[PDB]
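Residue numbers (PDB author numbering), protein chains in the order written: chain n, 1 to 120; chain B, 1 to 56; chain k, 1 to 122.
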Amino acid sequence: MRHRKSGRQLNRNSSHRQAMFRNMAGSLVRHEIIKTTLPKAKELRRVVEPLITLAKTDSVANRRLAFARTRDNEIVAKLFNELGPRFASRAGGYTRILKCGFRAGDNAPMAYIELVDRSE
Amino acid sequence: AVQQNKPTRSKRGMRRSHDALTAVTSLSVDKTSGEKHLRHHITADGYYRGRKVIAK
Amino acid sequence: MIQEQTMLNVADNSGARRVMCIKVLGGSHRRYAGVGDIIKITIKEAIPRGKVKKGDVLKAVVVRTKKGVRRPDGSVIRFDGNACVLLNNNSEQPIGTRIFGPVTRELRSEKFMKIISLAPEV
RNA sequence: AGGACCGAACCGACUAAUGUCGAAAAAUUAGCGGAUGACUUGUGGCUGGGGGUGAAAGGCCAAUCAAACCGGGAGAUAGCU
RNA sequence: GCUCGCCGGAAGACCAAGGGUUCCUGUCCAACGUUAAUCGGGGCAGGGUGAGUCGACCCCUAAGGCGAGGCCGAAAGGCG
RNA sequence: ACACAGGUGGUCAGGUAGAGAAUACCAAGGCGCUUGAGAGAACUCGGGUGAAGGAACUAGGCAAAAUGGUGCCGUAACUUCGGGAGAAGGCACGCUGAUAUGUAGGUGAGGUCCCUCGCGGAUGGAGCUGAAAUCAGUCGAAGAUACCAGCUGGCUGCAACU
RNA sequence: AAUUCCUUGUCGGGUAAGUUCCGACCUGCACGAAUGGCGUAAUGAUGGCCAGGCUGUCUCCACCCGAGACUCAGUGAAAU
RNA sequence: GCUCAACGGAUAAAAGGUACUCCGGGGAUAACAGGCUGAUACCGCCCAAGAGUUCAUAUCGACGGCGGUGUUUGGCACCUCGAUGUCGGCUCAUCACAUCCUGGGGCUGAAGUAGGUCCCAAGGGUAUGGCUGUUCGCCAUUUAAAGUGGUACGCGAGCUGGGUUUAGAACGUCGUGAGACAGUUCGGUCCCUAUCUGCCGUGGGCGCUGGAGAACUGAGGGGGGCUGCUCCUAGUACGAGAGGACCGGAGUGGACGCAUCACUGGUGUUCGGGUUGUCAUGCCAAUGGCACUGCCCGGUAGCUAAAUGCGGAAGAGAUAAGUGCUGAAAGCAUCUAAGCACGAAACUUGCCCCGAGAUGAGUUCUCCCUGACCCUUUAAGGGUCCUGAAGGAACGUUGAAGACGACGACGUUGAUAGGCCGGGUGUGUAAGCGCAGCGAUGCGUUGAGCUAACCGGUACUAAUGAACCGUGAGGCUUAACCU
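The following block contains the structure:
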């Protein structure tokens, strides 16, 4: 009855649920903005935010930890070098959620998740 | 587990009472571009609250 | 918690080794026996010279419980096993004299004060 | 050496659940029996309806078996509906 | 295209059998696919299978079939 | 009857662990099974865990649970003297060092010896084949750590047995 | 007794309690010697009983992870 | 003349079996259940020998009769054979009272106690196991008691299939045989997505008559109603001794029900750690993927029980059996005809929940609305433009709320959700580095590192204004109050 319960299943078993966020987070970091379904977007907010908070500091331990999850040398180098200093001042809240339209083919409510900055 | 006598077309219609869709009636015109976007939804071009939000 | 068909380790010099409960007394359809209750038992394993023999019916008081009891502060006392002390089926007095292992404080009744004196600990 | 033992392929089909307008006109899942032999299997032949074959139930003979299927006598007959 | 998951004495790669153009390209989306389809074993048009050594055919026979004469049987036909 | 969880002969079939064409993870190679998105009710189906008790459930231990491996030790009634029997029931298993050029047993010669002139016979038996057991220490609650992998004993009817 | 109606025969063992089970008695309703009789090691996805181990079978369910169920979008049956 | 004796003679010749079965029809005719009846059974009443020590009526009560109920075994063949589909158990029940327990009383051959019997009384309660397939019944052990029955011998479009009825097989018996049975023995397909009524929950529409936002009233309805034991009184009343109260008070329990996680625990595939196998990260190291969460050891929040608290009630009103009082008919007497007072878990309330769709649609408090006009059958009317309020809904962040609706909080004048910061909790000394050791490994830095839902803050991010719906003074008649 999920009283005071967190998380979302997203109609998947745990392992697949976890592994797709490992992929979705790195997909975000490399592109800084992605289009996805709204409930998936809200659950992504509890994943990338820890990483940007992990990149607000810097060490060898954090470099291994942010490599422990997310399993990518490219992303971890994209992290800890640009995204960290770019978000050095913000106290949390590094993502924006913009609700786009409706995915015609499953009628899913899609949305845009991007970084706050995205300065070009 | 089946019917006993076929339901009348009248009784058929009464079952279709609560099936009409509800109209939107919430099309907020954008402040700058002026598109007919839904509330809390970006426009067709990617404007929201008077800002090129999508950068696309 | 002791119930029907529960094997109990004997805890006196009455002359048994293993006993099995059959019927928790005290009230219609009572399903459980705590540390200070009378149960009806049978004898399933006895020493060859004891006061009882294999296949009799009599009563006991379950003195040790793996579930244990709860003290009024919330503390519990959980033993390792389930132990009983045999009775006299009419007079409720214990058969054997020497009682092994510790017993709980809550057995302190006037009718079990004999057992309290014979126990070594607590 | 073994109509030997344990056990995959292969073969078979004892228990239980699911299914029962099913995924399927007897299957799936979980465990089971045989597994160098009276074993199993590919290819091609021979035996036919009151007969064939049968480690024998009366089982199988093209999803059909107290007697196949197709056509004919035949619009059988029907004190019954 | 970049990550992720599954099979791996196989959900892999090849032949016989049986099917019969389903193979490849251009092109189209009504109908077919249990949904959408600019996609496809779908509609339309063009193209593709090259052998002295592979297989078949060919030579030789097995089970078994047919069977000149022959023998038997109302006829049919049966056995050889 | 279908783009159907079924059936279909023969060849090929590697790496690590492993006895193995088992199984687990992968290679070559091929695929994510042709409706999805959310929700995270009752109830059903496939499973994981459980305090205390432990067949008391039920037609019945049906189903689950559990046992499960290797080496060594040990093994009854009965018996057609083959069995029963892997009866039952126990003990050690990881990793790292030496004990000991990895000991014991082992093929066997360049070589010395040898005649009817031998990709050779006798000998040391090198080189080398070389476990395991033992001692010492160390880690974890758990060392056959996963998958995989007998539940066992007693009495009796029937049928010999496959 | 795979056979025994009367009947759950009677006695003994097992059980706190045993119409089933094992042993025995003998009045065998209506066993019997190749329509084979009585035993029998081994063997058996065989019928019945008991014990240890082990457990959610049960006392009494409780929670959690997935597939449906429920809502939205597309397609869209059936017995009656 | 022989045979038709089934004697109007199917020709003067013709016996059985079947659950492999099949076909045509029947409720014209059986088995299950219903219906009618009530012999039989079950229960009650009347008579009363007599037993009962005396005493028929304390109790039975022979012999006999008069009825009741529709639960036994039967009678009839009315419904069903173009299907009402099963014995028992399981889950889940409801009603009757001829009452098993608890409660209130009468009488005794009731001293007391503890029982016996009869009357009133349906509210709640009303075993666990062994053998049998069993219902039943026997047995074991409890309990205040382990009540009798109706409900298609309740319940199988809810489960099970043991029994019983399929095709396999065997024993005994009967039959020449096929097969059969006052018989028993192993094995053996239990189909259905709910239209309607019904029931448990939850919303939409309109109405409630001016609209809207809340708080209640209360018709009526439902839930709940069990009791053991110990002590005080008291070892008193009573008693020959042995024994041994009533009544009233209090504590402590079993079953059940409601509620909640503070504690004790369960689970916790989103949290931490260990570890086997193997693949990848170019290697070692450190991690990550998969093998049921790979196998497991712990474990927050929730949910939850075996855990922790709470309840039954008292009392009031009117009553049953029964006890009376004062009292005539009937000078007496008499519980009663007048009247009057007590008298049960029963009855109506009291206690908790639902509740104005209670169309008889209630009450109170509060807020908002006081437009110009054309028109016609001058109608509680419509139409045109102007205004559109209180408030509401939608959308959005969401929730210890929830299937979907609905409901609750917030929507920047903002702490609703995420993130972040600090704390807490949980897991047990991260990684890297340095020293010692041949090494595995161990020690220091380090009670570290990492922490899911929890707690206190913080607008960093996302909840954008406004729009849309909702109106413009509330019909008629009568009466009482003021021009």
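Cβ coordinates follow ideal geometry from the N, Cα and C atoms, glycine included.
Quiz item: Which of helix, strand or coil does DSSP assign to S28 of chain B?
Solution: Numbered from its first residue, the second sequence carries residue 28 of chain B at position 28. Three-state DSSP puts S28 of chain B in a strand.
Practice problem: Could you spell out where the alpha helix (DSSP H) holding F80 of chain n opens and where it closes? | Solution: Counting from one through the first sequence, the residue named residue 80 of chain n turns up at place 80. No alpha helix (DSSP H) holds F80 of chain n; DSSP gives it neither H nor E.
Quiz prompt | Proximity test, Cβ basis, 7 Å: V53 of chain B and chain n | solution = Sequence index remark: in the second sequence, residue 53 of chain B carries index 53 (1-based). Yes - at least one Cβ of chain n is within 7 Å of the one on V53 of chain B.
Quiz item: If the cut is a Cβ gap below 9 Å, which residues of chain n does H41 of chain B touch?
Solution: Within the second sequence, the letter at position 41 stands for residue 41 of chain B. Under the 9 Å cutoff, chain n gives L98, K99, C100, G101.
Self-check item: Backbone secondary structure at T22 of chain B - three-state DSSP
Solution: Stepping through the second sequence from its first residue, residue 22 of chain B is reached at position 22. Coil.
Practice problem: Output the boundary residues of the beta strand (DSSP E) element that contains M1 of chain k. | Solution: As a first step, residue 1 of chain k must be located in the third sequence, where it is residue number 1. Per DSSP, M1 of chain k belongs to no beta strand (DSSP E) and is neither H nor E.
Quiz prompt | Rounded separation between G74 of chain k and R105 of chain k - CA only | solution = As a position in the third sequence, residue 74 of chain k is number 74, starting the count at 1. As a position in the third sequence, residue 105 of chain k is number 105, starting the count at 1. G74 of chain k and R105 of chain k: Cα-Cα distance of roughly 15 Å.
Exercise. On a CA-only basis, which of n:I75, n:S119, n:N81, n:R90 is nearest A25 of chain n? Give me that one, please.
Key: As a working note, residue 25 of chain n is residue 25 in the first sequence. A25 of chain n has its Cα closest to that of n:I75, out of n:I75, n:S119, n:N81, n:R90.
Quiz item: Taking the C-alpha atoms as reference points, what is the distance between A33 of chain k and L107 of chain k?
Solution: Counting from one through the third sequence, the residue named residue 33 of chain k turns up at place 33. Counting from one through the third sequence, the residue named residue 107 of chain k turns up at place 107. One alpha carbon belongs to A33 of chain k, the other to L107 of chain k, and they sit about 13 Å apart.
Self-check item: Residues within the stretch 18-48 of chain B neighbouring chain n, beta-carbon criterion of under 8 Å
Solution: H40, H41, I42, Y48
Quiz item: Distance, Cα to Cα, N82 of chain k vs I22 of chain k?
Solution: On the third sequence, position 82 is the one that residue 82 of chain k refers to. On the third sequence, position 22 is the one that residue 22 of chain k refers to. Between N82 of chain k and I22 of chain k, the C-alpha separation is close to 15 Å.
Exercise. Measure from the alpha carbon of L25 of chain k to the alpha carbon of each residue in k:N89, k:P94, k:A119, then state which is nearest.
Key: Here residue 25 of chain k refers to the residue found at position 25 of the third sequence. Nearest C-alpha to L25 of chain k: k:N89.
Quiz prompt | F80 of chain n to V29 of chain n span [Cα, whole Å] | solution = Residue 80 of chain n sits at position 80 when you count from the first residue of the first sequence. Residue 29 of chain n sits at position 29 when you count from the first residue of the first sequence. Answer to the nearest angstrom: the Cα atoms are 12 Å apart.
Quiz item: When we look at the beta-carbon of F102 of chain n and count the other beta-carbons within 10 Å, is it buried (16 or more) or exposed?
Solution: As a working note, residue 102 of chain n is residue 102 in the first sequence. So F102 of chain n counts as exposed.
Quiz item: Taking DSSP as the reference, what is the three-state secondary structure of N89 of chain k?
Solution: Sequence index remark: in the third sequence, residue 89 of chain k carries index 89 (1-based). Reduced to three states, the DSSP call for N89 of chain k is coil.
Quiz item: What three-state label does DSSP hand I115 of chain k in the structure shown?
Solution: Position 115 of the third sequence, counting from 1, holds the residue named residue 115 of chain k. Of the three classes helix, strand and coil, the one that applies to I115 of chain k here is helix, per DSSP.
Quiz prompt | Proximity of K67 of chain k and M1 of chain k at Cβ, strictly below 7 Å | solution = Start at 1 with the first residue of the third sequence, and residue 67 of chain k comes out as number 67. Start at 1 with the first residue of the third sequence, and residue 1 of chain k comes out as number 1. Going by C-beta atoms, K67 of chain k is nearer than 7 Å to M1 of chain k.
Exercise. Quick one: grab the DSSP three-state call for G101 of chain n.
Key: The sequence position of residue 101 of chain n within the first sequence is 101, counting from 1. DSSP places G101 of chain n in strand when its eight states are reduced to three.
Self-check item: C-beta atoms of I95 of chain k and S28 of chain k nearer than 7 Å
Solution: As a first step, residue 95 of chain k is located in the third sequence; it is residue number 95 there, counting from the start. As a first step, residue 28 of chain k is located in the third sequence; it is residue number 28 there, counting from the start. Not closer than 7 Å, so no.
Quiz item: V2 of chain B lies in the beta strand (DSSP E); which residues open and close that run?
Solution: Looking up residue 2 of chain B in the second sequence gives position 2. Segment: none, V2 of chain B is in no beta strand (DSSP E) and carries neither H nor E.
Quiz item: Which of helix, strand or coil does DSSP assign to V10 of chain k?
Solution: Your numbering for residue 10 of chain k matches position 10 in the third sequence. Looking at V10 of chain k - three-state DSSP - the assignment turns out to be strand.
Quiz item: DSSP three-state call for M110 of chain n: helix, strand or coil?
Solution: For the purposes of this step, residue 110 of chain n is identified with residue 110 of the first sequence, where counting begins at 1. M110 of chain n: strand per DSSP, three-state reduction.
Quiz item: Which residues of chain B have a Cβ atom closer than 8 Å to the Cβ of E120 of chain n, listed in chain order?
Solution: As a working note, residue 120 of chain n is residue 120 in the first sequence. Those are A55, listed as they occur along chain B.
Practice problem: Tell me whether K56 of chain n is buried or exposed, calling it buried when 16 or more other Cβ atoms sit within 10 Å of its Cβ. | Solution: For the purposes of this step, residue 56 of chain n is identified with residue 56 of the first sequence, where counting begins at 1. Answer is buried; the Cβ neighbour count reaches 16.
Practice problem: Over the uninterrupted beta strand (DSSP E) stretch that includes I95 of chain k, give me the two end residues. | Solution: Translated into positions along the third sequence, residue 95 of chain k becomes position 95. Premise fails: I95 of chain k is in no beta strand (DSSP E) and is neither H nor E.
Quiz prompt | For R64 of chain k, the first and last residue of its enclosing beta strand (DSSP E) | solution = Against the third sequence, residue 64 of chain k aligns to sequence position 64. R64 of chain k -> beta strand (DSSP E) spans 57-64.
Self-check item: 7 Å Cβ cut-off: residues of chain B touching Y112 of chain n
Solution: Along the first sequence, read from residue 1 onward, the residue named residue 112 of chain n stands at position 112. Ordered by position in chain B, the residues that pass the 7 Å Cβ test against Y112 of chain n are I54.
Quiz prompt | Bridge partner(s) assigned by DSSP for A16 of chain k | solution = In the third sequence, counting from the first residue as 1, residue 16 of chain k sits at position 16. Answer is k:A46.
Practice problem: Quick one: measure Cβ to Cβ for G46 of chain B and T32 of chain B, integer angstroms, because I've assumed they're closer than 8 Å. | Solution: If you number the second sequence from 1, residue 46 of chain B lands on position 46. If you number the second sequence from 1, residue 32 of chain B lands on position 32. Contact flag wrong, Cβ pair sits at about 12 Å.
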